[PDB]
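Peer 1: My sequence and its experimental structure, below.
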2 protein chains.
Amino acid sequence: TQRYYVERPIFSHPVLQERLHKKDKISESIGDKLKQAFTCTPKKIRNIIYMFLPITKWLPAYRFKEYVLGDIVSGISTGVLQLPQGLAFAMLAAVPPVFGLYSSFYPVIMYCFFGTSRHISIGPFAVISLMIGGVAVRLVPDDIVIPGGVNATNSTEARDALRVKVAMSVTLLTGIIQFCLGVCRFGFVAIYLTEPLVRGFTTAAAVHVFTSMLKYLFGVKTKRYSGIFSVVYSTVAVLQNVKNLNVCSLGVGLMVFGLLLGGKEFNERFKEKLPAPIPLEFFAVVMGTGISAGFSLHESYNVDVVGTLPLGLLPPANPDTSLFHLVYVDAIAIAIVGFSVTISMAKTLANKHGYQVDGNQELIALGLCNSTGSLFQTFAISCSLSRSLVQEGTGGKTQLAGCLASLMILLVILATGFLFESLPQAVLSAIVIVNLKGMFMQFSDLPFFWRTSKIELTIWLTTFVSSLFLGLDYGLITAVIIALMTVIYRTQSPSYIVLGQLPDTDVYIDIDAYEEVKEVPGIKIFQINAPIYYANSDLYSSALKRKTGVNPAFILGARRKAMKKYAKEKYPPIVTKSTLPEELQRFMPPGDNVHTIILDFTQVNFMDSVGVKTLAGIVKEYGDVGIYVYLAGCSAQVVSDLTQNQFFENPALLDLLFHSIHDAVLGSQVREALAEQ
Amino acid sequence: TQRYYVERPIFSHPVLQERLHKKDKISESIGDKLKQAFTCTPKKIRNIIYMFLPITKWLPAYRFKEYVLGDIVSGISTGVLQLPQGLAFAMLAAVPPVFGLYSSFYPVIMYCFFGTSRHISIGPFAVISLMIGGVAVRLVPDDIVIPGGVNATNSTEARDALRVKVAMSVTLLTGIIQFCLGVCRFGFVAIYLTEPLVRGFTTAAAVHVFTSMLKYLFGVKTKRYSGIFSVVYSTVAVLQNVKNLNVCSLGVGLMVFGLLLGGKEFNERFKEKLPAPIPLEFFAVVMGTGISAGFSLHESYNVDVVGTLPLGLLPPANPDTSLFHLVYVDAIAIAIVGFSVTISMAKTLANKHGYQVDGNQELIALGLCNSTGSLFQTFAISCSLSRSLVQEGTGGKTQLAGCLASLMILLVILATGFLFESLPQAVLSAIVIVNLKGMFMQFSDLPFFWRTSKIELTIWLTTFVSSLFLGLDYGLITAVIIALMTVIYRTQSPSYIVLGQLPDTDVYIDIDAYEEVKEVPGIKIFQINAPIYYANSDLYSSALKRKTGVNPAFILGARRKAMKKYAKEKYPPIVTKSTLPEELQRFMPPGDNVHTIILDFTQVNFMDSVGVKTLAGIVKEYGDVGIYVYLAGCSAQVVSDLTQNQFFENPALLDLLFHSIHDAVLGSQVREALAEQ
């Protein structure tokens, strides 16, 4: 023994209390919890606008070389990546690309004006376009083209306009929902989602996008679904008509994918400055345009392309305020999923470097971005589908990177539409698939969790299967609920243990864990590694009698039958402990004379009324048997709420408390020794 | 100090491990977990049939006087109580009373043959008839009476038969569901419901029944509902047509209620043997029959009565096996609610005396009872609505009480129908209301929980409002989920505390709690009374920096700015702890030189990957600041899963563990003293 000598007396509970006194419990009384605002405090409003507008630190505090170069490179890279991504998302939405461009341009600006994140390429997300198509098919008629008077071979431009309008309304509704959420300071909801939730959910997103791209890789017009086996029905529909349909589409897709792999190899083997300091993909766009125009293989197979790209911009407009009635549940589900994914992405980036991000600010940012896009004839967007990860590699220090990006995209679209008016619906698909595989290759955590624990497997897999098959919103909600159920199970099946004693110490560990530990006569220890709420209550009593081996009802019956077999030849004026009625006869079973029971509570977080009742029953029962029970851990809450419940008649129950396990041990030893008379 | 002298050396973790060795970890390997059955073990099958058929202890082990008298008195009392209850439930079901009698008779018998409970009067439950009417109105047409050819003034006997058939099918489906549940050994679901759940849920049941009786107290034929404000819409419908409708009904109801109160007073003031050792109500039946027949006030107001009571019994029949398709969701909801209420009642009785009840046995009992009643042209039943409580007061020792009861009811119905063929639909209502007030008068736990805790209020009230307004099934499910949410909140907002030291002891308690406790220099203690799962994680770090006052980022910024202001005038070859870069300058803030941080984990039940990551971050961050961190409670699970996660490079991180808080205290003291060189 180098140190740690105590020589302190025995403290059960009352020794403490009589040795102690409460201090004051001073608190902030009524009306003193608001005496900060309601005046012209420049500090208060200054800090409020600081947390609302993070901009107030950017231009005043900016670099000259590193910031500029990082912003430029990151913005150009993100824009070149996301432009085909925007096109693909718009075509998935079955809207002309111009709306995708609007989403890529305006909300980026409203975010650069609003949002505390730094390294994130805010843009449209895929499943968003997925539910866009889901509405466009469910709430929007597909094969009912109302004759306006022209009856074109495809007069669906009116149906497309209806799609635009319904997306407009739903995006506005989602934006206002997000704004209302933000003004209520929701960060609690941000943390309820786990890390495996985010990871598996992104996996399901990737597989859904993969399915959609495979469908739109060849041009088979089938039904779109959003229900049970929705992706399954989509893929079987694609399969049932794939044969001898298009070969130019597959050929161009495979060749562009090979070009993309060659670029992967070129930028991955070496990291230089002259050709490209950043792995890009625009040369694929260049070659696709060249093949379509100069080589002119469109008519060589009569293959199709993106089509026409309306050149110009649009004035603002508001959605019609008489149609939101029926489109309510869809809108709210979309807002829920949009926030879930966005704030998830937000935290999963903010956790990275020496910077933190308050979600509520990002929530109001996204709410305003969606509402404004709706006003600006645009659909709502999300944090990222994979580009934000690209943004990470491109070191987008400040938010000016995304601003300059979106400005570059707007300049390109307005000053040019012809150079890319003729691109197929497969090159963008291959780009999307490249991004998907890039973002999924590391989605092989299954061994990590497998070596880690079962529960991570459970939560991962249930999220994956619920989000993939069922609706992304339904998958999300079920996944969150089942994560909470994982928590309750973890605290439902604890690890009951029976402690021993480390010789000549006050340490107590489970006997099954080691051989060096010993036991103490007449004494049993039962440690619980979980609280006792209503649910995790009675099975605790069962496990107690089980591991301890002392079934007190068995004791009573054995005493009764043994005496039968021998027979053939002043306010609570109550004792909280009986004695042994056995008159010391030779019909005793070979049961050890364990006399006292000790339950560790140092690992008990809280307690509750059902638990109070069951502990009272257990204690009274053992006392009736004539077996002592002692409780270790009389700290604050356990005693507080046990006293709150009608548990004590100021009895020796108080004496049954012990602050230390070993303190209880020695108290019991002393009690037994005194009992020796 | 009387005892408790230790003088034991310093044990962080490795001192333990090098001082210890694991024992064996022997387990039951593959194929040895089933070597009990698959042979002709008379013990195994004997005990199996014991737990399946509790009867094997009743006739062989029976008394001669006490059992007989208790069974007789309990059975007669329960039967006389439940017979009008059965009539009321049938009329609520809008079926002729004969079906209520079938429910009162057959399933009681199948239970007396199956079920380990002793003191319970198994019978029909009200809300069951409520959802019966709900189906009879929703899935069964109400005002569409198909002309069969006779076109009577009320040809609805065919519609009533349709009601009977649909109840028949749904009861069969619920019975088979319960049986399937039972064979899967469900006791987990039994405990997930709390005590306040049961109490508040019964309150809502009582108010619903009260509403129904008030409606059928005067004969206003309105619409029945099962949705939002269902009871509210029912009661407003009743109110909108109540005026000058019936006065004989209210008069007879009030007079019979006064008779019931007089009986209450007579049996409550004294407890004798000659007039009635048990408070009964049959004299109300006698007087109602006398008024209807001899006094003959029916035509005096042209008031109505129960009607005709078909005399006789019925042969068995099975439901049509081509209609269960559409009636699936309703059937499953009914089975869910039936088990919930029944097993709740079962536990709430089994907990009472020296007897325990395994629910799965009761689940298979109820499943077979429902299925058989369906086969025997009968609707399914439940444990009780209030009579079981009567059964308690009547000391129904064994299950023969209910058997003799149901036999008495069958004898009365078959040998007599005329003596009660003419009874109004108000006397039974008053009886039901008497039972309801009897069962609710003690449903004033609100002060009990209010003095107890907030959480009980939350759970009680949410159950009450969800079950009353929304559907009883929906109310149930929402109530259970919100109870689990109460658990997660309780472990989401812990009680962070900062421990001090009891002078010259190793005890450590919160400083805010008492004045006698002191502090230890350069040392801070942060105790958590809740685990660290994914959710309850980052706010923990926040509260740490908050209560401790040591914002390490603040420390870094302060050091940086202070030095700026001074300036104007081999495998993991890594240190897990930095030092102080401050060169001891007079620009230091007046911050205390607290050098080490100690986090109690003795109250930490478990850990998880998100928590692992956040602890790693916190530790690394403080080490970088140059502040030590030590962990108390290196018992089993925390170290186990921290090691499982990529946490240790076999570094001094192991040395950062401590089995005892005070052990960590002294270790830090020693480290600092050694640092003094």
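Peer 2: Great, that's in hand. Residues are numbered from 1 along each chain as shown, chains lettered A, B, ... in the order given.

Peer 1: now stretch A:659-666, how far from the chain's geometric center?
Peer 2: Its chain's average C-alpha position is 42 Å from that of stretch A:659-666, according to Cα atoms, centre = their mean, to the nearest Å.

Peer 1: before we move on, what about stretch A:112-123?
Peer 2: Averaging C-alpha positions (Cα atoms, centre = their mean) puts stretch A:112-123 21 Å from its chain's average.

Peer 1: again, but for stretch A:7-16
Peer 2: Here stretch A:7-16 is found 46 Å from its chain centre; the criterion is Cα atoms, centre = their mean.

Peer 1: Going by neighbour count, list what's buried in that stretch.
Peer 2: By neighbour count on 16 or more other Cβ atoms under 10 Å in any protein chain shown, the buried set for stretch A:7-16 is A:8, A:10-13, A:15-16. Every residue, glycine included, has its C-beta placed from N, CA and C.

Peer 1: So which of those belong to helices?
Peer 2: Within the buried residues of stretch A:7-16, residues falling in helices by DSSP state H are A:15-16.

Peer 1: Now, the buried residues of stretch A:7-16 that are in strands?
Peer 2: Using DSSP state E, no member of the buried residues of stretch A:7-16 falls in strands.

Peer 1: Filter the buried residues of stretch A:7-16 to keep only those in contact with chain B.
Peer 2: Among the buried residues of stretch A:7-16, the residues within reach of chain B (Cβ under 8 Å from any Cβ of the partner chain) are A:8, A:10-11, A:16.

Peer 1: re earlier: may I ask which two of the buried residues of stretch A:7-16 are separated the most?
Peer 2: Using Cβ to Cβ, the buried residues of stretch A:7-16 span at most 15.1 Å, a distance reached by A:8 and A:13.

Peer 1: mind checking how far residue A:356 is from residue A:112?
Peer 2: Note on residue A:356: its distance to residue A:112, by Cβ to Cβ, to the nearest Å, is 19 Å.

Peer 1: between the two, who's got more neighbours?
Peer 2: Neighbours per residue, other Cβ atoms under 10 Å in any protein chain shown: of residue A:356 and residue A:112, the larger number sits with residue A:112, 22 against 11.

Peer 1: phi, psi of the nearest residue to the more buried one once chain neighbours are set aside?
Peer 2: Among residues not flanking residue A:112 along the chain, residue A:403 sits closest, at 4.1 Å (Cβ to Cβ, 6 or more residues apart in numbering or on different chains). Here the main-chain torsion angles of residue A:403 (degrees, to the nearest 10) amount to phi -60, psi -50.

Peer 1: rewinding a little: ok, of the buried residues of stretch A:7-16, which one's closest to residue B:169?
Peer 2: Nearest to residue B:169 out of these is residue A:13 (Cβ to Cβ; 60.8 Å).

Peer 1: what's the residue lying closest to that closest one once chain neighbours are set aside in contact with, if anything?
Peer 2: The shortest distance from residue A:13 to any non-neighbouring residue, by Cβ to Cβ, 6+ apart, is to residue A:657 (3.7 Å). Neighbouring residues of residue A:657 by Cβ atoms under 8 Å, 6 or more residues apart in numbering or on different chains: A:12-13, A:631, A:634, A:639.

Peer 1: Over to residue A:87?
Peer 2: Contacts of residue A:87 by Cβ under 8 Å, 6+ apart are A:97, A:100, A:306, A:423, A:428.

Peer 1: switch the cut-off to 10 Å
Peer 2: Going by Cβ atoms under 10 Å, 6 or more residues apart in numbering or on different chains, residue A:87 touches A:96-98, A:100-101, A:104, A:306, A:309, A:420, A:423, A:425, A:427-428, A:431-432.

Peer 1: quick check, residue A:108 in a strand?
Peer 2: No: checked against DSSP: H, G, I helix; E, B strand; the rest coil, residue A:108 lies outside a strand; its state is helix.

Peer 1: and the closest residue to it other than its chain neighbours, which of the three is it?
Peer 2: Distances taken as Cβ to Cβ, 6+ apart place residue A:406 nearest to residue A:108, at 3.8 Å, with adjacent residues excluded. Assigned by three-state DSSP, the conformation of residue A:406 is helix.

Peer 1: Can you report how many residues lie near residue A:219?
Peer 2: Using other Cβ under 10 Å, residue A:219 is surrounded by 14 other residues.

Peer 1: Quick check: it touching residue A:301?
Peer 2: No: the criterion here is Cβ atoms under 10 Å, and residue A:219 misses it with residue A:301 at 11.5 Å.

Peer 1: Now the common contact residues for those two.
Peer 2: Shared contacts of residue A:219 and residue A:301, counting by Cβ under 10 Å, 6+ apart, come down to A:246, A:249.

Peer 1: Against residue A:334, how distant is residue A:323?
Peer 2: Spatial separation of residue A:323 from residue A:334 under the definition Cβ to Cβ is 15 Å.

Peer 1: and the two? which has more neighbours close in?
Peer 2: Neighbour tally, residue A:323 and residue A:334, criterion other Cβ under 10 Å: the higher count belongs to residue A:334, 27 against 12.

Peer 1: Who are the contact partners of the closest residue to the more buried one other than its chain neighbours?
Peer 2: Spatial nearest neighbour of residue A:334, chain neighbours left out: residue A:174 (5.0 Å); criterion: Cβ to Cβ, 6+ apart. Contact analysis of residue A:174 by Cβ under 10 Å, 6+ apart lists A:128, A:330-339, A:366-367, A:370-371, A:374, A:379-380.

Peer 1: Same check on residue A:143?
Peer 2: So residue A:143 contacts A:137, A:156, A:159, A:223 (Cβ under 10 Å, 6+ apart).

Peer 1: Same question for residue A:565.
Peer 2: A:585, A:587.

Peer 1: Helices along the stretch 51-200 of chain A, start to end?
Peer 2: All helices of the stretch 51-200 of chain A, identified by DSSP state H, counting those that start in this stretch, fall at A:66-92, A:97-113, A:126-138, A:157-183, A:188-192, A:195-215.

Peer 1: Isn't residue A:359 up against residue A:343?
Peer 2: Yes: using Cβ under 10 Å, residue A:359 is in contact with residue A:343, at 5.0 Å.

Peer 1: Would you mind naming what in the stretch 151-300 of chain A lies close to chain B?
Peer 2: Where the stretch 151-300 of chain A comes near chain B, counting by Cβ under 10 Å from any Cβ of the partner chain, the residues are A:187-188, A:190-197.

Peer 1: Would you mind listing which of the contacts of residue A:174 are buried?
Peer 2: Neighbour counting by 16+ other Cβ under 10 Å classes A:128, A:330-331, A:333-339, A:366-367, A:370-371, A:374, A:379-380 among the contacts of residue A:174 as buried.

Peer 1: Give me the subset of the residues you listed that lies in helices.
Peer 2: Secondary structure defined by DSSP H assigns A:128, A:330-331, A:333-339, A:366-367, A:370-371, A:374 of the buried ones among the contacts of residue A:174 to helices.

Peer 1: from the residues you listed, which is closest to residue A:202?
Peer 2: Distance to residue A:202 across those (Cβ to Cβ) is lowest for residue A:337, with 12.9 Å.

Peer 1: what are the ranges of the helices in the stretch 301-450 of chain A?
Peer 2: Going by DSSP H, counting those that start in this stretch, the stretch 301-450 of chain A shows helices at A:329-350, A:359-375, A:387-393, A:400-415, A:427-440, A:446-452.

Peer 1: among those helices, which is the most enclosed?
Peer 2: Ranked by mean neighbour count under mean count of other Cβ atoms under 10 Å in any protein chain shown, the helices of the stretch 301-450 of chain A are led by helix A:359-375, which reaches a mean of 25.

Peer 1: Against which helices or strands is it packed?
Peer 2: Counting by 3 or more Cβ pairs under 10 Å, 6 or more residues apart in numbering or on different chains; DSSP states H and E, the packing neighbours recorded for helix A:359-375 are helix A:42-52, helix A:97-113, helix A:157-183, helix A:188-192, helix A:329-350.

Peer 1: go with 6 Å
Peer 2: Other elements packing on helix A:359-375 under the criterion 3 or more Cβ pairs under 6 Å, 6 or more residues apart in numbering or on different chains; DSSP states H and E are helix A:97-113, helix A:157-183, helix A:329-350.
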